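*Asks:* turn this into a structure:
(4 chains)
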4 protein chains.
Amino acid sequence: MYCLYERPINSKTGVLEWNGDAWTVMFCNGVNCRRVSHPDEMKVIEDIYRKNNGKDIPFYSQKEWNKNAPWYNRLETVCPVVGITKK
Amino acid sequence: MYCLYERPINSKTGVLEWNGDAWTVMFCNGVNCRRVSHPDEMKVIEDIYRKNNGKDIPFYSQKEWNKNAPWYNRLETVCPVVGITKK
Amino acid sequence: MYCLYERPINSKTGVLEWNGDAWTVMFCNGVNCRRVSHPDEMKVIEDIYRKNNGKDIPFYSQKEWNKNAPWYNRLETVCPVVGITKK
Amino acid sequence: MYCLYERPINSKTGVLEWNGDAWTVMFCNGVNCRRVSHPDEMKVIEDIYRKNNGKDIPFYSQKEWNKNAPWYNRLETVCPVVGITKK
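*Replies:* Residues are numbered from 1 along each chain as shown, chains lettered A, B, ... in the order given. I have put the structure below:
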């Protein structure tokens, strides 16, 4: 169970907030969710996943998860956020 | 190694106990077991698992795991419960 | 990356030691190695693994890993033991 | 998500540094990155991965990841190093 997704963040403090003014990519490994801060971090995750599994890592776009349907809230309850402060 | 299962919980205190008067869903990721407190948490777990693996996450119902066959006790010994008080 | 294996244990102290006088099953999940101390703990691991993966969990018996070929030493360096004390 | 990769290390202090004079293998399990200091640790990882997955574990050699393309920096941000001190 792995995925990449985007969720809101405060652009000035880097704190996760439900109504953040910016968006960040996050990486879930089935254990925790961690912020992905640089596109090359995203690329290395995508590459390793593909080498292990022969297909692309699941990605949830903001067409699927957003402030009107904040499914990341549910995911982050079962795989808690690490390395960053939330709300 | 992922699964969802049900196990007993005290409906008033939220504490896991062997003779809980209610049941809660739990999620195991092969490292720990964690409580699933809302159906949308269960749905997001099921969706991510299916996107990764192309089939439904294993789910053990109370027909298979219950107080007369408390297999959750064995699973929670090898994948300890986190984030919730227990027995 | 999951497996079950056997490795020596001191039967009088419960400590993992290279020259233990008894043997215990252990469970590795790619993150840590944890002692398995009841047959039904082994069975629940085997069942969940099979439900996820469609084949049996890898198992290393004492024919493969033993005091004359202590490969468990190498595994436990990369996936450290948890929940039990070791030499 | 598992892989083996190589990255620089200080050959006298054992500390991970960007300009280490030697190289070490590391093991990533999608949660953390850990040093693989002996070839037999590499062998046991390779053997377990193959038994689970029926193919070889992804390996990033110095052909791909090196001081002029330090992709290990990106991986170690998303799966932090454990068990060793780093620059």
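*Asks:* buried ones in stretch A:68-82?
*Replies:* Residues of stretch A:68-82 classed as buried: A:71, A:72, A:73, A:74, A:75, A:76, A:77, A:78, A:79, A:81 (neighbour count, 16 or more other Cβ atoms under 10 Å in any protein chain shown). All C-beta spots, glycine's among them, are computed from the backbone N, C-alpha and C.
*Asks:* now stretch A:48-58
*Replies:* A:48, A:49, A:51, A:52, A:57, A:58.
*Asks:* show me what from chain A comes close to chain D.
*Replies:* A:2, A:27, A:29-32, A:34, A:36-38, A:40-41, A:43-45, A:48-49, A:51-52, A:83 (Cβ under 8 Å from any Cβ of the partner chain).
*Asks:* can you flag which of these belong to strands?
*Replies:* With strands taken from DSSP state E, the overlap with those comprises A:27, A:34, A:36.
*Asks:* now that we have those, which of them are buried?
*Replies:* The buried subset of those - by 16+ other Cβ under 10 Å - is A:27, A:34, A:36.
*Asks:* which one of those is nearest chain C?
*Replies:* residue A:34 (15.1 Å; Cβ to the nearest Cβ).
*Asks:* re the thing from before, near chain C, list only the ones from the ones in strands among the residues of chain A next to chain D.
*Replies:* Counting by Cβ under 8 Å from any Cβ, the subset of these that neighbours chain C is empty.
*Asks:* neighbours of residue A:1, how many?
*Replies:* Neighbourhood size, residue A:1 [other Cβ atoms under 10 Å in any protein chain shown]: 22.
*Asks:* right, and chain D sits closest to which residue of chain A?
*Replies:* residue A:51 (3.9 Å).
*Asks:* re earlier: out of the buried residues of stretch A:48-58, who's nearest residue A:19?
*Replies:* residue A:58 (25.6 Å; Cβ to Cβ).
*Asks:* and the residue nearest the centre of chain A?
*Replies:* Nearest residue to the geometric centre of chain A (Cα atoms, centre = their mean): residue A:26, 1.9 Å.
*Asks:* you'd agree that one is up against residue A:8?
*Replies:* No - if you go by Cβ atoms under 8 Å, residue A:26 and residue A:8 don't touch, sitting 10.6 Å apart.
*Asks:* what parts of chain A come near chain B?
*Replies:* Counting by Cβ under 8 Å from any Cβ, chain A comes close to chain B at A:1-3, A:28, A:30-31, A:53, A:58, A:71, A:74-75, A:77-80.
*Asks:* what do you get if the cut-off is 6 Å, keeping everything else the same?
*Replies:* By Cβ under 6 Å from any Cβ of the partner chain, the residues of chain A that approach chain B are A:1, A:3, A:30, A:31, A:58, A:71, A:74, A:75, A:77, A:78.
*Asks:* just the residues you listed: which are in helices?
*Replies:* A:71, A:74, A:75, A:77, A:78 (DSSP state H).
*Asks:* quick one: contacts for the fourth one?
*Replies:* With contacts taken as Cβ atoms under 6 Å, 6 or more residues apart in numbering or on different chains, residue A:77 has the following neighbours: residue B:41.
*Asks:* got a list of what the residue of chain A closest to chain D touches?
*Replies:* residue D:58.
*Asks:* what does residue A:31 give?
*Replies:* Per Cβ under 6 Å, 6+ apart, neighbours of residue A:31: B:29, B:31, D:31.
*Asks:* does the first one really touch residue A:32, like I thought?
*Replies:* No - in this structure, residue B:29 is not within contact of residue A:32 by Cβ atoms under 6 Å, at 10.0 Å.
*Asks:* just the CA coordinates of stretch A:68-82, formatted as CSV?
*Replies:* In CSV, the C-alpha atoms belonging to stretch A:68-82 read as follows (Å, rounded to 0.1, in the frame of the first residue of the first chain):
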residue,chain,number,x,y,z
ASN,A,68,-14.6,19.6,-0.6
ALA,A,69,-13.7,15.9,-0.4
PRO,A,70,-10.8,15.7,2.0
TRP,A,71,-10.0,12.0,1.8
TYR,A,72,-6.4,12.7,2.9
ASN,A,73,-7.9,13.3,6.4
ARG,A,74,-9.1,9.7,6.5
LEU,A,75,-5.8,8.3,5.2
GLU,A,76,-3.8,10.4,7.6
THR,A,77,-5.9,9.1,10.5
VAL,A,78,-4.9,5.5,9.7
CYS,A,79,-1.4,6.2,8.5
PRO,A,80,-0.3,9.2,10.7
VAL,A,81,1.7,12.1,9.3
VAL,A,82,5.4,12.1,10.3
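*Asks:* that concludes my questions; thank you for your assistance.
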